[PDB]
């Protein structure tokens, strides 16, 4: 079983190693701070089932902040398209440093 | 990669020194083992100690003093335990 | 006594015990914590101006805010 | 795996035949490879040719049982023209047990395998016919 | 220009090591009542040139190996450590300014322990293996001590950049706020260089020899940066380089001078002495150099 | 997806198969356990660095020191087995049959 | 000497793991794990990596493989390569060659994932005001917030000491 | 002052890079020209491939990996 | 889904202060004294909205303030300001304790001839009020509403209804 | 062995298991499992025979690779959505690796190859403490992370562990192997109902721990390895015989006796779902693993084997073993039948 002496004694000795956005020793954020704050406020007073079926949009926004999967997919598609059209030869590219 | 350039130059010049030096002229005891593991465990406790000079600028100084003295005190208790209990004798 | 028996151990215990005790009788630990707190790493972030509060001074020359003066004077 | 057992049960039974026997041979090859993998892990054949021989024997026998089960499944379903009974797969399990006893070349094992494999195959088709879920609801 | 910098660092190391051989032979000769080597030219600089090129000429040890590649792989590692360990050392401007260099120092000392152990395994039959095993033990027992002491002496300065060290040495020498800690550190440098008064009683002997003496000059330069020295006014680096060279030379002469007149220790006396006398004393100095900067209102400006 | 993570996960599978299949010496098994440890260390450290997960950046060094003292216990057990026997093979352990 | 140096050092890393997962004599195994640890240090220092990758170097390449080679030297002999060892090394090189070939000349390689295949200059910081090398101040916690963690870690190491002496004949 | 120059420079790369994208992707179906993948109407910090994307190697290696192994 | 709203190239043309770094570092404190009063408008804009492409008018304002300040220090004393920053330039990373006598010289120039007392330590700190013209924003984390509250179970509890209501062991 | 050192090692076992119970961080759970291993290694090799040495070697290898595969699962969890909260996981692959790690931690059918070998060459006290705390420590973790597990994992391991602890078990007269195969069968039972109502799992954990404590206390009362030694215990004392009768029948689970209560409630809150064929299969195998209990009872207290003299000598000495707590655990373990609505004492 899981017990709750952590809450019972009033010593929150283990809740600070836990998430981001708990106060760092110098007040700096992580890379996805605000996404976490809105996601935690979305799924706080929630029985973890309408958390699964209701906070899905902001959770996907947080996941794609954390890993940046499909944004890299879009950038990689741009790179492959740029490579094949410079292989073609149309507009010897002025996207680098000059016209 | 700048220190990798230095490492590459030192490594290549050392291999040049060695290969031009070579192409040219032509049971056990438990007492051996206790000192190494004692090194290993006290070295890991050194690894726990050594971010202390990183930490000394915070707004919680008495607690840092207390837990730093607790770490060296635990290390001293381990030392004195294997000292008194014939851990390093001959 | 044991000062003749194992002397470097007794000296180690003595300097150990004074290192334990000596921060209790110390007139400088509050000075240490004020020095350590009064050094900012991040930007000192401003705030939305006033609810007509007699704090948070507008010019950085104004001494109404909490400053440091024991720094310059040792 | 779920994909090929789903391919086996997706066929109306019914007659869409010899795909049933191909799927049953795939089931037999997979199960033979499973049990032969445990056996070659837990025996150390020495030589390795004996290990390949034992794995080939296990895969071959399990594929043969699957093939004969599917063949008499298809034949009984075409002949009786009543695709709802479990009696046709009772015949199926007994035929598979008899040919298991044939490929191990003893007859009492074939008789007991006829009985038990017929009962289990009738129960499998019968539970698919009524509808008994795999392993769980898992709700309450 | 950067490869020119690297070659101007690692070309004078051969000059330094060979002239250190003549200097140690002459200084032992005058601690004793001996002149010479001075028949081989004027005072014998061509004498280290001559015996170095002689040992290159002389026919190598026949194998008698186990994994030829491993047998060549150990001394190549020893000499590339001896080359790659003068990169972050500041005489006034070091080759690479780092965020941290002293942990790199201790790590490459542990790689020297690797060199000793690999040569000991790949060498020969069992007796030399036992001897090199005791050598690895008496080498590894001090990297506790030297890292502990180096940590406690940089704790007065807070940062690892070591140019902050050459800044913070401007007012007083660091020998004055920590003399016993520096003394024990110097004994640990005698341990790491593996010389008398500590016992060690191969191929190529010249390469192991080279690694030894470059390790000695490395520890002397790191000592001279670490505990003493003087200021450095910019746009004149010759002044600090002169004072640094003179202090490092006096300390290396003192090092060989301490070697010159003491018998080798018993091995169990060596381990006994190290553990039961340096290790509680290092802990005492560490806890006092922790609790003291929080006392005296002086915690360093670790930027 | 920060492509290097694929290679370090494949390296984890390399070290895990090296931990599981092992022919003669227990020391190779224990050293591949150490390699698996290094793999988890490096993978989690690159993740925490690129996340700027700066509050709880303790995971690399503390995972390291714990599984290092695990490897110390493994060394002592291998020394005990090699002390009560001649060698430390996987064989000469077939006593106490299941 | 170019952009994909993190990927190339990862190739040498997985080659080193194969090179001692082929089960050689354990001193060759210690050599392989030392080479693998050095190039893993190279990878994490390429991510920078300012403290932790130089920190592992003292522990594994400073304190662990020393005792592994020590115990190789004192316990096992292995006194004289083989078919099985070098054959597994060949098949491991073949599997790495196949995976990296399909990373190179295709879009993505999937074990069950979608590994977006190109070298990682992405992602990285957009030049922030770091000013303290965030690893450094992160690990410069554990003494203000770290009450429980360092206590149970040191306690575990102390119990490790008494365990080692008991099994090696306590007291 | 450094902050203002930094903000103008990253918005400069955003504007020019989306102009480049709007020039370059008029063949593929779909493709709104400047969608964030995210849902909320907030300025997210870009990912150094939105800033230093398709710059062909030199500037991105001297920009991302500069301090990491510069001395 | 949604596309970004980038600013134009018409707002991306401010006379940029294309000055070098050591002169800008040495000219920092009195730039904190005379100017840097209306750029905490920009700082409060940046910390009340996490969105540049919006606070760029105040970026143009701090750009013109810094250029005006360097114009004013360019026209009057000192020209040995050039000597002061080239005294501090070639000293590695620019410690301010390096060229201290010429720092006193530049301070005496600007004090006896223009004014502008140097900010004593620690007056580039000490959290400072700022009023603006724009009203402070609300919910810049552009999100939806908090979807459902849990009905909080309260009320004084009845005893058990007919016991355990299991098979048996009633009451 | 020093008694102070044994009190310290018991303190560290309790510390590690309480850290596994109490923490909310993943590193702390891994530390608790590792410290449990490190402390439980010198309880084994309490003597210095090579049997305990090889047993501890096998146990250390399997336990350490389980610990590191658990750490692999956690680092996968932070490769995906990353926070150190013991909650729903965020990968079927990570949950798969994690449940297979815990299945190695505590006695499961693909992973049970170390359990009879680790129990055979050790004394009784080490076997008792390893069964109790090494089957208590992962159950808290599984009780925590149940809401993100593919059910086929848990159910396959449960079914196969019940039938392996059944079928393997008809062949050994080594009593430690008998109790180990019983442990495998009961851990399959106690893992089976994890995703339906875990109150049954924890109540079954309580009942199993008390039963195994009674059984091993009865074996520690008179040192036996085989059944013939139990027949000599029949000759020397009669009350141990009726205790072996009652405790073996309560391991068998018969409805007048308290060992039936964990089976019956499992069948209840399993068949309130659409699972019926799986309960009747599990309870047929529960009929299967009673047979070696029953032939053990036939060997001990009901038929009688021929005895050897010097039992005549042992008559002149009354019994002088200390029991830790035998009779309280016995009547708590066997007469607990009308206290079924002490089910709801747990949650």
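By written order: A, B, C, D, E, F, G, H, I and J. Residues from 1 in each chain.
In this text, a contact is a pair of C-beta atoms (placed from the backbone, for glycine too) under 8 Å apart; a residue touches a chain by one contact, two chains touch by 3 or more.
Asker: Counting one step per pair of touching chains, how far is subunit H from subunit C at the shortest?
Answerer: Tracing touching chains, the least step count from subunit C to subunit H comes to 2.
Asker: Need the graph distance between subunit C and subunit I over the touch network, please.
Answerer: Step count on the best path from subunit C to subunit I: 1.
Asker: Sort the chain pairs by how many C-beta pairs are in contact and tell me the top one.
Answerer: F-G
Asker: In angstrom, rounded to a whole number, how far apart do the mean CA points of subunit B and subunit F lie?
Answerer: Those two chain centres are 20 Å apart.
Asker: Measuring from the mean C-alpha position of subunit C to the mean C-alpha position of subunit E, what distance in angstrom results?
Answerer: 38
Asker: Please report how many Å separate the Cα centroid of subunit I from that of subunit J, as a whole number.
Answerer: 62
Asker: If you average the CA atoms of subunit A and of subunit J, how far apart do the two points sit, in angstrom?
Answerer: 43
Asker: Please list all residues of subunit D that touch 2 or more other chains.
Answerer: Residue numbers touching two or more other chains: none in subunit D.
Asker: Do you know which subunit G residues sit against two or more other chains?
Answerer: 47-49, 55, 58-59, 62-64, 66-67, 70-72, 74-75, 114, 116, 118, 122-125, 131-132, 134, 136-137, 139-142, 144, 146-149, 153, 155-157, 160, 162-164, 167-168, 171
Asker: What parts of subunit A, by residue number, touch at least two of the other chains?
Answerer: 14, 17-18, 20, 24-26, 28, 31, 34, 38, 57-58, 66-69, 72, 75, 79 - these are the residues of subunit A that touch more than one other chain.
Asker: Within their complex, state which residues of subunit J touch subunit D.
Answerer: On the subunit J side, the touching residues are 151-152, 155-156, 195-197, 272-278.
Asker: Once bound in the complex, which stretches of subunit A touch subunit C?
Answerer: So the residues of subunit A in touch with subunit C come to 26-28.
Asker: Applying the document's contact rule, which stretches of subunit H touch subunit G when the two form their complex?
Answerer: 6, 10, 45-49, 51-52, 57, 60-61, 63-65, 67-69
Asker: For the complex, which residues does subunit I have touching subunit E?
Answerer: Where subunit I meets subunit E, its residues are 90-92, 98.
Asker: Which of the residues in subunit J end up touching subunit I in this complex?
Answerer: Touch list, subunit J to subunit I: 338, 340-341, 343-344.
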